[PDB]
Amino acid sequence: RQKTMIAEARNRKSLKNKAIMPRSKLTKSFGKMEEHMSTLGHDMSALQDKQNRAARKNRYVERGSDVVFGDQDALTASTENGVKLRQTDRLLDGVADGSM
Amino acid sequence: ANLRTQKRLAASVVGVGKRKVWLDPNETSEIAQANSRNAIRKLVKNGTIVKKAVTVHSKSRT
Amino acid sequence: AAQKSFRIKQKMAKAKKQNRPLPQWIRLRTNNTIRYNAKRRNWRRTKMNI
Amino acid sequence: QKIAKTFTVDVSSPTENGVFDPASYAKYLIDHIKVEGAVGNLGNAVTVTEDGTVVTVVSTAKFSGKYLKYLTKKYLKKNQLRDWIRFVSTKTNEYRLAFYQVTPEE
Amino acid sequence: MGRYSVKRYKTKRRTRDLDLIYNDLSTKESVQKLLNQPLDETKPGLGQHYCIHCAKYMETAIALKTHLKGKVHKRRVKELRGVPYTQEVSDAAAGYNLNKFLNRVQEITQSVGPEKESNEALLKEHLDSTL
Amino acid sequence: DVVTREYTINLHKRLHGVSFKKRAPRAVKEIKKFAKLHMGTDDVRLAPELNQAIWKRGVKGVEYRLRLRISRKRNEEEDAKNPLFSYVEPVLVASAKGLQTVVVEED
RNA sequence: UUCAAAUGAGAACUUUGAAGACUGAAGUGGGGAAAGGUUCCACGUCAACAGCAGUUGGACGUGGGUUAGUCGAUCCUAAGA
RNA sequence: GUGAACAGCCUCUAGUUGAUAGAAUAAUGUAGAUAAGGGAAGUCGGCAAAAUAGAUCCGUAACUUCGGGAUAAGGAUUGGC
Ligand SMILES: [Mg+2]
Ligand SMILES: [Mg+2]
Ligand SMILES: [Mg+2]
Ligand SMILES: [Mg+2]
Ligand SMILES: [Mg+2]
Ligand SMILES: [Mg+2]
Ligand SMILES: [Mg+2]
Ligand SMILES: [Mg+2]
Ligand SMILES: [Mg+2]
Ligand SMILES: [Mg+2]
Ligand SMILES: [Zn+2]
């Protein structure tokens with residue numbers, strides 16, 4: 001197990017070329033948390049309760065924008081030169097209709 | 001997607017080199033929306049963009 | 001040069017405003033024989049020589 | 001000169017989530033704190049006590065919160081908790097053990 | 001194989017062997033003969049200033065003195081401390097002429113060794129006095 | 001047929017005599033060829049952690065042996081020409097010596 | 001130089017991440033003078049050009065951008081005109 | 001950091017990772033190396049390479065415009081603790 005831990009740490013680390021990212025800035029997942037704590041042999045009752053509370057708190061409630069605009073797009077003619085509403089278009093401002 | 005502008009703006013906003021800025025590869029659409037330094041600052045605050053630590057040059061042997 | 005003369009900058013302004021392709025509606029006129037800008041200039045192709 | 005310094009650590013979050021032992025942490029500190037270059041030399045200089053939520057170190061001879069953090073990170077690494085639990089300062093010379101940010105599974 | 005080893009230990013650039021130098025130091029007559037040599041034009045220092053341990057001529061007495069005060073000479077002195085490693089050692093390690101090798105070791109420890117040590121002591125103190 | 005096995009690859013005899021700037025890239029190509037040989041899949045995908053293990057000692061410092069976990073799985077996309085592909089992962093062990101091919105149980 | 005993902009009709013060459021290297025402060029870094037004149041930056045976007053390629057570009061199309069009592073010119077005289 | 005040192009070599013900040021690619025490893029090339037014994041017998045000619053090289057100490061001829069020649073030549077040495 002000690003030799004395996006050495007090998008895994010060596011494959012993990014690249015300190016000569018760059019520093020390791022800070023854990024306090026990263027965020028991880030409860031699935032990995034649960035499997036690691038289970039490997040350590042702790043009881044996951046409290047952590048599972050916290051995760052259940054978080055999952056119940058993060059609810060998805062739809063709104064009118066979700067009903068109306070959810071599968072639609074556009075609602076404005078796409079310009080030929082990627083221009084804003086009041087941006088001049090030197091090339092096309094003299095030709096009003098799209099056929100011409 | 002092309003995030004070159006966001007990478008440059010993140011380096012300028014955080015105050016480090018472009019070599020020291022981490023853009024979350026999972027949040028590509030959110031990062032691609034951010035066209036201003038204000039939106040870049042918001043991404044830095046919530047952690048989509050991270051400042052990397054310096055590469056170590058130890059002096060223990062010296 | 002960064003520190004330039006007003007005469008130089010005025011000529012540069014004229015060149016910038018001249019830098020364009022044809023307006024499309026010119027092609028639609030009766031008996032139009034103008035089909036492209038034959039005096040278009042580019043900064044890396046023909047120098048203005050002041 | 002040898003004014004008594006008090007350092008406190010709050011272990012309540014990992015203790016209540018069931019992945020930490022304050023008594024073992026205190027025993028590790030007792031056995032591993034070095035005074036004048038050797039372990040087991042804490043005679044009337046460093047006292048480590050705990051009551052299940054707060055671990056208190058009282059020292060009069062060359063102790064700092066950086067050293068305390070170093071020892072705590074060693075203990076967490078030995079228990080394979082270094083990837084999940086960190087040692088934070090809340091106010092001066094009072095510290096706590098806090099989980100890193102975990103996304104809910106969904 | 002490499003150029004350094006080739007050009008240092010080429011056969012035409014060979015040096016005297018350690019068992020031969022051990023025999024040179026073992027007897028007093030050899031020591032006196034090598035200490036007092038005729039004026040030879042083709043040796044450095046006219047054949048004088050000869051270190052027996054290193055089998056080396058020096059140009060001058062001051063050169064010989066600075067040589068004796070050196071780690072190179074002390075390395076050679078350490079090398080000449082033990083049994084001189086004849087073919088008898090290799091034969092005995094193979095398990096052949098064992099009694100002959102053991103008799104030779106006994107003779108070194110009893111007679112030839114201490115006489116060589118006494119000659120070396122006398123030679124060193126003579127070099128200290130004359131230098 | 002979905003399956004997962006662990007193999008040892010001898011990179012030493014595959015990289016015997018290769019130019020130093022080309023050793024690790026040739027190791028990548030050799031492992032792809034190895035997975036193709038063992039699973040019949042022309043679509044081979046290497047884990048970036050495996051690529052790290054290959055490149056760990058630079059361009060010319062590839063290990064003599066590597067322990068691989070190779071999984072033949074199903075291609076879910078409709079646009080692909082191949083219904084099967086292989087995913088190669090590294091197995092980080094104490095030593096890659098003396099290990100034989102094994103079938104990993106799938107759960 | 002390599003790996004995965006994304007984008008895409010199409011990716012050795014685009015983007016992000018994962019790695020391996022290099023310039024090694026007399027720099028492959030950070031600014032200016034002469035010269036250039038918009039090449040700067042954003043959006044759109046690949047016919048031609050980038051001696052392979054191209055979804056990329058100092059390319060093509062449409063725009064945005066240079067704010068001074070104190071920085072310069074301007075004033076002074078130099079060899080000279 | 002090494003070192004006398006803006007040398008060479010390695011690294012931090014910052015910046016690049018650009019220059020058509022893939023596979024094979026015949027001859028002849030281009031660039032770089034090693035070679036038993038001999039040691040210029042090669043050649044118009046030692047061309048080219050090799051050999052020397054830092055520092056400390058010992059020592060240093062002719063000739064001379066007395067200033068030089070001179071690092072003349074020739075020797076001893078060098079790590080680590
Ligand atoms: Mg070969
Ligand atoms: Mg380098
Ligand atoms: Mg270099
Ligand atoms: Mg640009
Ligand atoms: Mg082309
Ligand atoms: Mg343009
Ligand atoms: Mg030869
Ligand atoms: Mg001849
Ligand atoms: Mg001849
Ligand atoms: Mg001379
Ligand atoms: Zn000697």
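A note on names: the letters A, B, ... follow the listed sequences, proteins ahead of strands, and every chain is numbered from 1. Heavy atoms only: backbone and side chains are in, while hydrogens, waters and symmetry mates are out.
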With a non-hydrogen cut-off below 4.0 angstrom, is A/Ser78 in contact with a base, only sugar-phosphate, or nothing? nothing
H/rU2 and H/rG8 as Watson-Crick or wobble pair, distances under 3.5 Å: yes
Within the structure shown, what part of the strands sits under 4.0 Å from E/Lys71 by heavy-atom distance: base, sugar-phosphate, or nothing? base
Closer than 4.0 Å, any side-chain N/O of A/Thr79 to the OP1 or OP2 of G/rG44? no
Would you say C/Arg40 places a side-chain N or O within less than 4.0 Å of OP1 or OP2 belonging to G/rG61? yes
So is G/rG57 sitting in a Watson-Crick or G-U wobble pair with G/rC49, both distances under 3.5 Å? yes
What is the nucleic acid contact for C/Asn42, judged by heavy atoms within less than 4.0 Å: base, sugar-phosphate only, or nothing? sugar-phosphate
OP1 or OP2 of G/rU2 less than 4.0 angstrom from a side-chain nitrogen or oxygen of F/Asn51, does that happen here? no
With hydrogens left out and only the distance checked, is there a donor-acceptor pair under 3.5 Å joining B/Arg19's side chain and the base of H/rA14? yes
Using a cut-off of 3.5 Å for both contacts, decide if G/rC22 and H/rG15 are a Watson-Crick or G-U pair. yes
Do G/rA73 and G/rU55 make a Watson-Crick or G-U wobble pair, both distances under 3.5 Å? no
Are C/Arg45 and G/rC60 close enough that a side-chain N or O sits under 4.0 Å from OP1 or OP2? yes
Would you check if there is a donor-acceptor pair between the side chains of A/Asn81 and A/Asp89 at a distance under 3.5 Å? yes
Near A/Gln72 CD, under 6.0 Å, is it more than 12 heavy atoms from other residues, nucleotides or ligands? yes
What contact category does F/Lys22 fall into here, base, sugar-phosphate, or nothing, at under 4.0 angstrom with non-hydrogen atoms? nothing
G/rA4 and G/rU16, Watson-Crick or G-U wobble pair at under 3.5 Å for both distances? yes
Which residue lies more 5' along RNA chain H, comparing B/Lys18 with B/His57 via nearest heavy atoms: B/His57
Tell me whether H/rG54 is paired to H/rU78 (Watson-Crick: purine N1 to pyrimidine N3 plus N6-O4 or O6-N4; or G-U wobble; cut-off 3.5 Å). yes
Using a heavy-atom cut-off of 4.0 Å across all strands, would you classify C/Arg44 as base, sugar-phosphate, or nothing? base
Quickly, which of E/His49, E/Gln48, E/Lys43 forms a side chain to side chain donor-acceptor pair (under 3.5 Å) with E/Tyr57? Name it, please. E/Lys43
Check for me whether G/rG54 stacks on G/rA53 (ring centroids under 5.5 Å, interplanar angle under 30°). yes
Would you mind classifying the nucleic acid contact of F/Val88 as base, sugar-phosphate or nothing, using non-hydrogen atoms under 4.0 angstrom? nothing
So is H/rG42 sitting in a Watson-Crick or G-U wobble pair with H/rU20, both distances under 3.5 Å? no
Identify the heavy atoms of F/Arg72 and F/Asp1 that sit nearest to each other, and give their distance. NE-O, 2.7 Å
Less than 4.0 angstrom between a side-chain N/O of A/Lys84 and OP1 or OP2 of G/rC43, yes or no? no
Of E/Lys69 and F/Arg26, the one whose closest nucleotide on RNA chain H sits nearer the 5' end is F/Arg26
Ignoring hydrogens and geometry beyond distance, is the side chain of A/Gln87 in donor-acceptor contact with the base of G/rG63 at under 3.5 Å? no
Quick note, B/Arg4 side chain, CB onward, closest among H/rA51, H/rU13, G/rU56 is G/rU56
Please check the phosphate of G/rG63 (OP1 and OP2 only) for any side-chain N or O of A/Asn81 closer than 4.0 Å. no
For G/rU62, does the base pair up with any side-chain atom of A/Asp89 as donor and acceptor (N or O, under 3.5 Å, distance only)? no
Classify the ring geometry between F/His38 and F/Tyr7 as parallel (under 30°), tilted (30 to 60°) or perpendicular (over 60°). tilted
Quick one, G/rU70 with G/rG37, are they a Watson-Crick or G-U pair at under 3.5 Å for both distances? no
